[PDB]
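Only one chain is shown below, in structure tokens, and it's the form deposited in one PDB entry.
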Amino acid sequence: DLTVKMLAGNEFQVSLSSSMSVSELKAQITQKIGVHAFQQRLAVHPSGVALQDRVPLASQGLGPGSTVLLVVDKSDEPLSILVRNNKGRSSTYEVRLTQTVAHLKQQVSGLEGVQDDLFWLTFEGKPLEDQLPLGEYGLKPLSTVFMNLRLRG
């Protein structure tokens, strides 16, 4: 049963020495404070070292008897990406990592003339989920997103 500090400056505890995923921590943070994982900056209190990626958790922090700091990167500066369609046509879009996949789909549905729920998107082999933000998928300037028709069978 940990705890995380912010700049509110208020705190709250992660109710879990369990599951343990940094990401679930993130998600725990995500659903506890409505903040997207990709904007979360974690650092062990007070050694500002900001963590490995592997498995929960220490390394350098474990048990109900420690604390970690959380700062939210509030950057959603616009960027240009590509969406390549059913026939292989890529068109540029202005986006923010903060917009949802669903929002980008509205754009694409706009420029392609296909109902937003009549197709779905992938990035580098992986499916993009509607409710999640573009930033979840490590989208970069000029990343290419693929449009797949929603078949009916």
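By rigid core we mean the largest C-alpha set that fits within 1.5 Å across both forms. Residue positions are given as counts along the sequence shown, with the first one as 1.
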item: Between 116-124 and 66-74 (mean CA B-factor, as deposited), the higher; value: 66-74
item: Selected stretch [higher average CA B-factor]: 56-64 or 41-49; value: 56-64
item: Member of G138, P133, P141, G9 with the greatest C-alpha B factor (per the PDB record); value: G9
item: Assigned third (lowest, middle, highest) for the C-alpha B factor of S109; value: middle
item: Third assignment of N85 from its chain's C-alpha B-factors; value: middle
item: CA B-factor placement of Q31, once the chain's modelled residues are sorted into thirds; value: highest
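We do not show the form deposited in another entry, though everything after this point is about it.
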property	result
Of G88, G65, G125, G113, the one whose Cα moves 2 Å or more between the shown form and the other one after core superposition	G65
C-alpha of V44 off by 2 Å or more between the shown form and the other one on rigid core	yes
CA of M20, rigid core aligned, shift of 2 Å or more between the shown form and the other one	yes
C-alpha of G9 off by 2 Å or more between the shown form and the other one on rigid core	yes
